[PDB]
Amino acid sequence: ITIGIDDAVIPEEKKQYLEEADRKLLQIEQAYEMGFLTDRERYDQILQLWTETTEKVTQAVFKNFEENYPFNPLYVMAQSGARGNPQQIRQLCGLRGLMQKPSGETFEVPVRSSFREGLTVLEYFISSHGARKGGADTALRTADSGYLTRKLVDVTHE
Amino acid sequence: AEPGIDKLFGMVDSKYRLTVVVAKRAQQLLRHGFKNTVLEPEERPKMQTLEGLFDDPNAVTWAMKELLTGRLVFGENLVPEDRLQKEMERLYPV
Amino acid sequence: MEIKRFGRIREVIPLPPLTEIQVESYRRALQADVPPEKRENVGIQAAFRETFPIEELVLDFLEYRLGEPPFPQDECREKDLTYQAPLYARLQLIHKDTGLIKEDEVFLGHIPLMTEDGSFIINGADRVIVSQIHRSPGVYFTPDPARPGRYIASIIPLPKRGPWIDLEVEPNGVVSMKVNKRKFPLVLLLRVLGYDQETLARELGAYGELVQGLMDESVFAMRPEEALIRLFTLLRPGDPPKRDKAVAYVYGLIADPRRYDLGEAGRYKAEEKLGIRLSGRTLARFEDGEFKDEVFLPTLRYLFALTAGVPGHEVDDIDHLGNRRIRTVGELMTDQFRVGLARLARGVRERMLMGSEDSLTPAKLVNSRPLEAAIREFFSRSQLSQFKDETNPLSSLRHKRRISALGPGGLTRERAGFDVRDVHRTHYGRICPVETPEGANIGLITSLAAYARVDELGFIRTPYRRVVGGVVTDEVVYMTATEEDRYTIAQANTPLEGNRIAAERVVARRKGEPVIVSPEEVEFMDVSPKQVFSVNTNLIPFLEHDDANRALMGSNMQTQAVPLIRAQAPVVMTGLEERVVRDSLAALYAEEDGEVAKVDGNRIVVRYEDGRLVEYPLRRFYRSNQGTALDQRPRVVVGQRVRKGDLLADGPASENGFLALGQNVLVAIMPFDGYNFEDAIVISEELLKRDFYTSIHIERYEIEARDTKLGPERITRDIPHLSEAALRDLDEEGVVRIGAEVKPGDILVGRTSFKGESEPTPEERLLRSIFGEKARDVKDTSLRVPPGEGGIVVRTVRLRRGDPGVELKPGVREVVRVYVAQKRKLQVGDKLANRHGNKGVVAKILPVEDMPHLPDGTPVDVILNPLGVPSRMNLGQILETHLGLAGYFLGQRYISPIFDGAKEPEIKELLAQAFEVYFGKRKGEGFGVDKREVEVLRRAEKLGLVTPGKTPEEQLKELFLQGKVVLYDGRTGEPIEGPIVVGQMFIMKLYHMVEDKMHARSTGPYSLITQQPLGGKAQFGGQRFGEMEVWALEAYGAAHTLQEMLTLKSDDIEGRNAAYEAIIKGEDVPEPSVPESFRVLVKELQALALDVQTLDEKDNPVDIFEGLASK
Amino acid sequence: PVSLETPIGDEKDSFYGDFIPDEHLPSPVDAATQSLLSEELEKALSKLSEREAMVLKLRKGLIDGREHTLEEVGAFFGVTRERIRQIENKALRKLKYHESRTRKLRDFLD
Amino acid sequence: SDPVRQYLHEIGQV
Amino acid sequence: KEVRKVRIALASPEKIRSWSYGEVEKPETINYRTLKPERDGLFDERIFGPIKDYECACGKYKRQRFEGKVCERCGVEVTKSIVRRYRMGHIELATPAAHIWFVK
Amino acid sequence: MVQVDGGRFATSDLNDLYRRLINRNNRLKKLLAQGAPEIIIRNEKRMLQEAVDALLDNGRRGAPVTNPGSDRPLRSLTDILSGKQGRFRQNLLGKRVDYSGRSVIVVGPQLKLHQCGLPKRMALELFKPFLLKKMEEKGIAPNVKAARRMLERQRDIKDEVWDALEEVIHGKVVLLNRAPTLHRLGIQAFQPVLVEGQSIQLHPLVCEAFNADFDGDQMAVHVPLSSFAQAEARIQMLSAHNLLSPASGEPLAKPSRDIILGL
Amino acid sequence: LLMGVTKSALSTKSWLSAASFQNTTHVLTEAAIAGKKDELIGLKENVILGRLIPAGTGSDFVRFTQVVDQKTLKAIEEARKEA
Amino acid sequence: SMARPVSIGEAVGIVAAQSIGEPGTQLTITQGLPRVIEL
RNA sequence: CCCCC
DNA sequence: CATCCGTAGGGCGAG
DNA sequence: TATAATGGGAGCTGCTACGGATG
Ligand SMILES: [Mg+2]
Ligand SMILES: [Zn+2]
């Protein structure tokens, strides 16, 4: 068991799903500029399209692994439960996906790259928002968890 | 895992009672210098030195093995404390 | 060797002076090299000029001057001195009644000087002043959270330079102003400013319903004087409203430039937001006897226009980097200087009353102690003044570029939510989104971007290239975030043919929003990807392939790398490793062209073109703040011709001018018998054999001999009751000899202390009688080597009383310092890490014969577990390993720049060129394919790695292009059943070492009040058994272990003494007693007038003090 | 003087007085050493006669805490002061001989 | 709540 | 006897005076030259006990043969120094003062 | 009021609060005896009340009294009692303890589930009195004092004391703990195996209950002293005897990572 | 009545437990007024007192259990028969 | 932990508190640990 | 405080 | 509805 | 020990929240 850069296998389905998502996004923009749907509805439709495309490329990664490389290291470690989960393998081999602003509102453009392909400085900076927000979440959550644990100990100790 | 820990947990209604029995028996063995043991010379726990096999100095291992034998009696209100201590000191002096 | 660099991006400008944020800030603050008449009213000048003239006799300020340092930097570090310059001020005392003038230059103390690298020497220790980010002063407009359709106007000055003023439109309709937690109608303050109903009606009437809420008849009826007295009664209740008192208070609150100071940045922000011009940095003026408004009416007008929805008016993003600014070394030091100066001015004003009102000089009027105290306080005890992190040169280089939101005048940790810690879109090119502490300080401590510089106003600016038409110029403009939001800025990797944009569609940013744009719409372009990240983050090759959470750890851990004696630069570099060593003045370079006259281990003598002979002494085996050895090694030979800027000597952790934070080792990515389980690491004994990851560390020991009321402490070789074996390595005076090996328990400096008076116990009387030997007057107080420490004595420093040039603190006769060094080999428990966030502790050092090895007999150095890669998503280490294999067999190193580096096809080509050397050499040596290689190829084509039917050489090359090779298990000789990734990886040895952290304690020192063991390895303390550990012991039901923790093993005095005696006597430990801290609790409750009584089952009192506290 | 509650670090978590040991109360090691000294002293005094060990105990203060003069010990055993001085000297001689033989009380000389 | 202000007010009554 | 309960209650001035081994009449701590405690101060040995075990201040009685004795010259009881962690003092206020716990 | 190492003096803030109180009280007595007017007496009485408040609970009412040249509030009795640093939570519900140590942990795959690798020097310090008794039983030292004087210098340490230490720790167990101790399995009992080197060796299967890994984690070691504590540790707290989670009832010590991968 | 864990813990009969939890001044004032007596029922009380907690080996259920070997047991039995 | 009847004397409340608190740092479309504390 | 888990 | 007080994870090494 | 002198002086804790009591 080892890990080379080729062990993160990009499925051939990724380009197909991405071109389909691009034609769908063009259709949504055309249906917007003609005034059939709001900015709100268009933004929601873009987010939903990209969510479903992300799920599709995840399933494509794992189906390609199951059928053509069942002893691939990433696939073996994920299936056995030794290491990794489907979303991390998706970020490795598929696309990084949608990222959120500091406000929690999601960007319209997703990160089309994967860690095997490498991101762009813009995509990296876009992901840094969510990374930092998760870090702050954990830092401020540990104290609340410990406080709650102490409350429970004090109330149940006898 | 301690040898026969499952059977030792089987002997008691509470694991902590097993702990109490083992600790008090080890205290007895330490106080009377192991000469109050229920074990036979071939049942004595052994320890490997550079010289060779010697008696195991750990009284807790001794007590757990003795308990596994079944020759020990444990319970509540078996004998007044002073009477027990004095009969033990009469049978196995300091 | 050959150095191959990838990438097609051409950076028009180099990296700025990386420590300029400190150097230029302090240089502008001091203005020492500017002749006094030509200075600028900034920094120390501005402080003097704000404090004076002192009115009351009138004392006025003419100029100041800074002298030369009394001692150099090395001498300051040696003698625990502050590297500083004397400050003098020429003041003329004037008697406005007499016209008399007495002028003198008074000495105001010393001011610390910044060294060449941007650090300070305070009391002998190197320190860094970290820049502080905060809200820029000015006028902001935020949404009112309670009422959606309303807003709050916030007038914010500089910290400690006045209150924050809040303008609000209350639900009742009247406009309120909030100052010092008190609210009042703004109309009253407007009336004090001289506004009448006509002016307000004609000015604000365009916004319908709010001006009537502004109207109050009783306020307009009374003239500004009655309004002023009324406002004073509102702000200062109970104070008799004397008119002069009201004038003075309102002036000091709003119009006083000494008590209220908007920033120069604050003034600029106000002028830009409100579209006005400020005559000064106050909200109003006192002119011609009355008050004249400056700021209030424009802010109120903007607030009303924003509430009415008037176009062109926006709310302010307070986390936008145009509204957040940096206060650097100069600004903070100048603030504390200004505080000390104001205190000195208070002293002056008090002196201008007492004494003789006639005979006074400037020297009699000025007491400089407050100013010296303020500056010393700032440099010694401030939070932004930190112990310099000089573990390696990059440590201090990064430390000086740090940005803190904490510190005085800033955030507390509870005051920091998600908004402040977040990465703002304006952090682009200014603040690194990667390098930030992991844990509680996340988002609060950050690092300056590589290409970023702080302007004179305090705002971080980033460079961009101008794009006219479709042509990208070479002219660069440094923009703030506010100015950056105006343009459409293309990405740095957009294709170019010449200076023309070669793409039909480009990737650009508009207010941080990504967009696809035509080349005609491109107004600017990024300089480089490097500008987005910090210096530490820019040293991580293949950064685009690493998840941000692990690149953060890589950046932060490069700081912790220890300088190695055989340190080397990575085989895969990013192109910044030379410039980092350059700007971090650890390495030595040649001033001009010339010839090397002399090369020594201690010095290098160079003869330049000018003919002048310059001698550079080399720092050899100097101890840094963290114990790592800073030492310079010469890299030139006698008679060598050098040019301007050529390397003369390598500093610590540098190799031929390149940054050398670790070593390049042959690594194999595979599990190994669970010894690399959960990020642990397996290494080869060959690393210790050839002294890889070996580091020199020096520890400093100190001891004082002082005068006592019982007699002098003496540093002597005569120590009572000690054998010659114990005193062997001590000289005549009692100091250990240089070069001696000292181990735990050995004496470093002998010392005797006169015994405290005491009556010998009767047992001691009988002992003395039996042996017939008098008890000595003195006791052994010698300094000894602590447990776990020791090494070779390399230096001794002794300072006595009454010898030339030295004076100790009162009562101290002499001070001795002993420097002990040690060569630390890598061992089990030391911590290693790469630049991609992969970190692990060494768990096993195998002999070379057990190591997995290549077919040609070459064993690997490090075995990394592949399970650490998938969850972490840091693939940069994998590409580094592949390119390192290629460079291992081609014998060359690489520069793969960030986001523009070597891609997969080029690495495949280099790997083919390397496979040729790796295999055709064997084939020419008269050897074919191995049997086990054939079996591995069978199992590999079963894995789909190689194409079936090709020759064994072709399949082995197919595997080598995938970075995988056949690996033999040194234990069996049989191969690993699959091809394994093997290559060269750059790994560092971090500062966390088991030798420093191993500690144990049986018994030892106890605390004064609690009688519980002390804390820390340095105090030989015990481990804290906190609340959660007690919870664990409780849930286990282990009552006696918990009671031992609470009694025998701590603060049960009788219990612990009896326990120690029983254990050393072989008896079982006794029954525990009352913990002494409970008696402390009882007595501290009694001091609170509460009677705490321990009772028995009969409710009778039980005395846990045993009759000692009851009469 | 300086406050024991002087903070260490800019965290509120530690005080200066927490780094200051207690030099007054004997450590467990020192108390154990003094107890072993008393016990070895009694072991060595048992090798004398009761009377010549009692003379030394009374003269060096192990009994009652005071060091009796030769006249007082002599009057207590009824004997002459020269008599008691002589038995004291011979008891000390026996003690020194037993010490040179067994080397027991040497380690307590520090 | 301020002892000095209270004492000054008391002083001002004589 | 074995402790089975712990009671907490308000303390009368009489009980506070019954705790106290003496009144601290002076703000003094220790003498600036001798470093010994100042009489009637916060560290007075006559109130809180001896600094050294079974030894009075002036050094007239220096061993356990006197225990419970109070030296006539210096006024210090000869006992274990440990009592300085236990024995309480008191200050007699000229005007009653409210315990802020029962106020705020 | 204690003299530190360098002869300087360090004292508690309670002394300064008491001094304030006593000064104001004596001044009130003197003002009363000298027949001061009611304004002066009233000011003095209010100051006395403020001083008593400062002594009992400083900062409770009004501005907190500070030492001169410092913004630090003086530590009153209430501050001593309550808080995370207060007497209860810092010195009563938890303590620093004797016979304890701490070191960096290393994976010990060769260990049995009931075992842990313990460095030699850590064990020599932790079991030091037992080791003195054993060095007296064997002829290594004349008595305990000589054995301790011999252990004090590291170069005086011979190889028989290591065999004696092996004899001492026979059958006994130690307690390993890793912070944060979230559940009772944050502490576990292990039989120690003496090892060269300065690292503690931890069994892999227990790494999940401790949430321990080997990127630099450290653990603390404790020595249960009595026969009762040793029995509690060997029976109730032993790692091999706690295989299921007390929360879910599922297995806690179970295969993971490399083990799962190989199987 | 339903009260959260904090209020319920503060409202417990033991004043040592409640005073070591939170709101030390309030708990202590009310307990000192009431003359409250802590019966040392729970764990925190005995932990503060340095006592043997009423759980595990400290539970009164298992605390007094005796051990005796058959030789000594029967010697005691014959000694008690002859009285 | 033993898949058998609990022993008399087991400190059950402490085990309950620890069992509920230990996964607290793992609680994250979801209300999470704020909801747990609210309850 | 800064760092580590 | 306001206002005051009160909590707000643990252990750890240096300086 | 005697000229006359007659109401302080900082300028925050400054970017949190949430709830249990008392007004
Ligand atoms: Mg870890
Ligand atoms: Zn006396």
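Protein sequence lines, in the order shown, are assigned to chains A, B, C, D, E, F, G, H and I. To convert, count from 1 in the first sequence and add 946; that's the UniProt record's numbering. To convert, count from 1 in the second sequence and add 1; that's the UniProt record's numbering. Residues 1 to 56, 64 to 1118 (the UniProt record's numbering) are what the third sequence spells out, left to right. To convert, count from 1 in the fourth sequence and add 313; that's the UniProt record's numbering. To convert, count from 1 in the fifth sequence and add 77; that's the UniProt record's numbering. To convert, count from 1 in the sixth sequence and add 2; that's the UniProt record's numbering. To convert, count from 1 in the seventh sequence and add 526; that's the UniProt record's numbering. To convert, count from 1 in the eighth sequence and add 1419; that's the UniProt record's numbering. Residues 1210 to 1237, 1252 to 1262 (the UniProt record's numbering) are what the ninth sequence spells out, left to right. C-beta atoms are modelled at their ideal positions from N, C-alpha and C, and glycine is treated no differently.
{"Item": "Proximity of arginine 704(G) and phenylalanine 736(G) at Cβ, strictly below 8 Å", "Value": "yes"}
{"Item": "Any C-beta of chain D under 8 Å from that of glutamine 343(C)", "Value": "no"}
{"Item": "Pairwise C-alpha distance: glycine 757(C) and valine 822(C)", "Value": "12 Å"}
{"Item": "Same chain, Cβ closer than 6 Å to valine 514(C), neighbours up to 5 away in sequence not counted", "Value": "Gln498"}
{"Item": "Nearest-angstrom Cα separation, counted from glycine 797(C) out to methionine 661(G)", "Value": "26 Å"}
{"Item": "Any non-hydrogen atom of ligand 2 within 7 Å of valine 694(G) CB", "Value": "no"}
{"Item": "Check: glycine 61(F) C-beta below 7 Å from any heavy atom of ligand 4", "Value": "Ligand 4 is absent from the structure shown, which contains only ligand 1 and ligand 2."}
{"Item": "Proximity test, Cβ basis, 8 Å: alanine 46(C) and chain H", "Value": "no"}
{"Item": "Beta-bridge pairing of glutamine 1485(H) - partner residues as DSSP gives them", "Value": "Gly76(B)"}
{"Item": "Per DSSP, the bridge partner or partners of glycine 798(C)", "Value": "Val749(C)"}
{"Item": "Close Cβ partners of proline 959(C) (< 8 Å) along its chain, the five nearest in sequence each way excluded", "Value": "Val936, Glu940, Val941, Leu944"}
{"Item": "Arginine 65(F) beta carbon near ligand 2 (any heavy atom closer than 7 Å)", "Value": "no"}
{"Item": "Helix, strand or coil at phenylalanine 653(G) according to DSSP, with G and I counted as helix", "Value": "coil"}
{"Item": "Under 8 Å between C-beta atoms of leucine 455(C) and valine 587(C)", "Value": "no"}
{"Item": "At least 3 beta-carbon pairs within less than 8 Å: the region 748-763 of chain G vs the region 26-41 of chain B", "Value": "yes"}
{"Item": "Local conformation of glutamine 829(C) per DSSP, three classes", "Value": "strand"}
{"Item": "Straight-line Cα distance separating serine 776(C) from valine 80(F)", "Value": "27 Å"}
{"Item": "Option in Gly43(C), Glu923(C), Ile745(C) with minimal Cα separation from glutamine 343(C)", "Value": "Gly43(C)"}
{"Item": "Three-way DSSP call (helix, strand, coil) for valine 644(C) in this model", "Value": "coil"}
{"Item": "Min CB distance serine 1427(H) to chain G below 8 Å", "Value": "no"}
{"Item": "Residues bridged to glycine 643(G) [DSSP beta-bridge criterion]", "Value": "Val719(G), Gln727(G)"}
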